[PDB]
Amino acid sequence: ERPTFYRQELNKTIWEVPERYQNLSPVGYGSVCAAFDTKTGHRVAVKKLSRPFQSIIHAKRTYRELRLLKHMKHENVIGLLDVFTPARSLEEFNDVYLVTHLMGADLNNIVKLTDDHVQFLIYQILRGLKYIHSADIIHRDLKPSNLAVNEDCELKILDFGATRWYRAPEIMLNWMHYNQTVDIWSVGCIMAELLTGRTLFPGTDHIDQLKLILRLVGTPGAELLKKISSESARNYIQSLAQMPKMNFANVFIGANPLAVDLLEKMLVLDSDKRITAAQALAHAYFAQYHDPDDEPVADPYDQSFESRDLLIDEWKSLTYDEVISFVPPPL
Ligand SMILES: Cc1ccc(-n2nc(C(C)(C)C)cc2NC(=O)c2ccc(CNC(=O)c3cnn(-c4ccccc4)c3N)cc2)cc1
């Protein structure tokens, strides 16, 4: 049947939740409350989406995030525990509440890591990425604050929705060729940081960010230069590669040589040549955790809504239907 809801005001916001969610306490992320889930005995996070149907773009953003979260059924990716609305009908349908595990510990919050803990943490990012990538989805904003890590170094990829530090150079140069390996660049930047204890490319702006990248990875080779249409774009990328060249051996002095080999395959300017998540999992660096029988891919994900231009009401109707058809994961 439909649960009993109860109403309170917090941080001058009206919350209306099923009575199984008790002891709501605001945290930090927009409108988010820690809550005790009386059904399981476990603490969860309840998020009330802000102005979910305000515009076409918010409405599609609401739909997008619900469709994505409902799809994610993987150890190393945030899962959706519950979604609800107070509305008894599409007529009254206005607010959308998502329930997740309580994270409140990101990759920075947890780092001074041994080689073994870098292996396990980068292993879990790549296992999660393999999954997300297999369903034709790109994170685009992988960075330490978007990685939940509990006491036992267990890692989930999520998106709380400085980015430029972990951002692939092709995106900041506005190159044509984009692929899922923009996420691998990011993983390379995260791994480098876990090894050295400092941001690899702490640019103050996108031009500084690119100059710092090119100092390490080098000016484009003949092969890459071949794929760039514009003389002014080929001049400019060569323009930004004038800081005295650096070498990977020196930057990662004292790292496991296998880590350094894997970094050199991730931090490749030519995204056509960048190692994929599935290939990185098979690299010797992860021999202690790699199991080809336990690195699963995602079920097919229907992205055919991403290309659509629809009215607010259509986005809201599709969203309502996804709330109603939601089936909780097992206890
Ligand atoms: C527009 C949009 C579209 C899609 C996404 N999207 N994409 C992905 C993938 C699958 C593609 C990666 C995952 C997501 N979104 C999330 O991940 C996400 C959604 C909802 C929630 C709700 N919980 C929380 O906010 C939460 C839980 N612990 N804490 C916490 C507790 C104490 C202190 C600090 C924090 C929170 N603030 C959380 C996350 C995001 C945005």
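Residues numbered from 1 in each chain as written, not as in the entry; some residues may be left out. Heavy atoms only, no water. Residues with missing side-chain atoms left out of burial classes, pairs and counts.

- If you check the header, you'll see the entry was determined by X-ray crystallography and the resolution is listed as 2.1000 Å.

Quick notes on the packing of helix α1 (residues 56–71) against helix α12 (residues 312–325)
Okay, so step 1: For the pair α1 and α12, the least separation of the axes is 9 Å and the interaxial angle reads 25°. The angle between α1 and α12 falls in the class roughly parallel. Seen along the crossing, α1 lies across α12 with a hand that is left-handed. For the pair α1 and α12, the contacting residues are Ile56, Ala59, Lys60, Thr62, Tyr63, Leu66, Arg67 and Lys70 in the first and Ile312, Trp315, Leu318, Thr319, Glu322, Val323 and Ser325 in the second.
Okay, so step 2: Among the residues making up the contact of α1 with α12, the classes are represented as 8 nonpolar, 3 polar and 4 charged. (Axes fitted to C-alpha atoms, helices over the stretch in contact; angles between N-to-C directions. Helix = DSSP H or I, 4+ residues; strand = E, 2+ residues; numbered from the N terminus. Parallel < 35°, antiparallel > 145°, perpendicular 65-115°, else oblique. Left-handed = near helix turned anticlockwise from the far one by under 90°. Contact = heavy atoms within 4.5 Å. Nonpolar A, V, L, I, M, F, W, Y, C, P; charged D, E, K, R; others polar.)

Regarding the nonpolar core
Okay, so step 1: With 84 residues, the main nonpolar core has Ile122, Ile125, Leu126 and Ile190 as its most contacted residues.
Okay, so step 2: The residues contacting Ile125, other than those within four sequence positions of it, are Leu147, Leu155, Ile157, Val187 and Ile190. (Core = buried A, V, L, I, M, F, W, Y, C linked by side-chain atoms within 4.5 Å. Buried < 20%, exposed > 50% of the residue type's maximum accessible area, 1.4 Å probe, protein only.)

Description of the packing of helix α5 (residues 182–196) against helix α10 (residues 257–266)
Each packed pair of helices is defined by two parameters, the angle between the axes and the distance between the axes.
Okay, so step 1: Packing of α5 against α10 leaves a shortest axis separation of 9 Å and a crossing angle of 150°. The angle between α5 and α10 places the two elements in the roughly antiparallel class. Both α5 and α10 take part in a crossing whose hand is left-handed. Across from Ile184, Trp185, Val187, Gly188, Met191, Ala192 and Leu195 in α5, the residues of α10 making contact are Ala259, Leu262, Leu263 and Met266.
Okay, so step 2: Of the residues in the contact of α5 with α10, the class split is 10 nonpolar, 1 polar and no charged.

Section: the UniProt feature "active site" in the protein
Okay, so step 1: In the numbering used here, UniProt assigns the "active site" feature to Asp159.
Okay, so step 2: Looking at the element boundaries, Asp159 is found in the loop between β9 (155–157) and α4 (169–173).
Okay, so step 3: Among all residues touching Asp159, those that are not within four sequence positions of it are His139, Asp141 and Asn146.
Okay, so step 4: Within the local environment of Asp159, its side chain forms a polar contact with the backbone nitrogen of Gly161, the two atoms lying 2.6 Å apart. (UniProt positions renumbered as here; feature names shortened; annotations may be inferred. Polar contact = N/O pair within 3.5 Å; in protein donor to acceptor, adjacent residues only side chain to side chain.)

Some thoughts on the packing of aromatic side chains
Okay, so step 1: One pass over the structure, following the stated rule, counts 16 aromatic pairs.
Okay, so step 2: Seen in terms of ring centroids, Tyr29 and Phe160 are 4.5 Å apart; in terms of plane orientation they differ by 70°. Their pairing is edge-to-face.
Okay, so step 3: Classification of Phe160 as partly exposed rests on a relative accessible area of 30%.
Okay, so step 4: Measuring from ring centre to ring centre gives 6.1 Å for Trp185 and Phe201, while their planes differ by 15°; the resulting arrangement is stacked. Of this pair, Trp185 sits in helix α5 while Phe201 sits in the loop between α5 and α6 (206–217), and the two are 16 residues apart along the sequence. Accessibility assignment for this pair places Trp185 and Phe201 in one class, buried.
Okay, so step 5: Members of the aromatic cluster, joined through ring pairs, are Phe5, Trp15, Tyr21, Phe84 and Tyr97. (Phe/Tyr/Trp six-rings, centres within 6.5 Å; stacked < 30°, edge-to-face > 60°.)

Side note on the site of the ligand
Okay, so step 1: Taken together, 19 residues lie near the ligand, and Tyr29, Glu65, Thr100, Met103 and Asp159 sit nearest.
Okay, so step 2: Taking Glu65, its side chain carries an N or O atom lying 3.0 Å from a nitrogen atom of the ligand.
Okay, so step 3: Backbone polar atom of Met103 to a nitrogen atom of the ligand: 3.0 Å apart, as the coordinates give it.
Okay, so step 4: The fraction of the free accessible surface of the ligand (850 Å²) that becomes covered by protein chains is 88%.
Okay, so step 5: Secondary structure elements with two or more residues in the shell around the ligand: β5 (42–48), α1 and β7 (97–101).
Okay, so step 6: Tallied by class, residues from the shell around the ligand come to 11 nonpolar, 4 polar and 4 charged. (Near = heavy atom within 4 Å. Areas by Shrake-Rupley, 256 points an atom, 1.4 Å probe, with all protein chains shown as cover.)

Considerations on unusual backbone geometry
Okay, so step 1: Even without being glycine, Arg140 reaches a positive phi, approximately 80°.
Okay, so step 2: Tracing the backbone shows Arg140 in the loop between α3 (115–134) and β8 (147–149).
Okay, so step 3: In this model, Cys153 sits at a positive phi of 55°, which is unusual for a non-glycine residue.
Okay, so step 4: Within the fold, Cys153 resides in the loop between β8 and β9.
Okay, so step 5: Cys153 gets classed as buried once you look at its relative accessible area, which sits at 9%.

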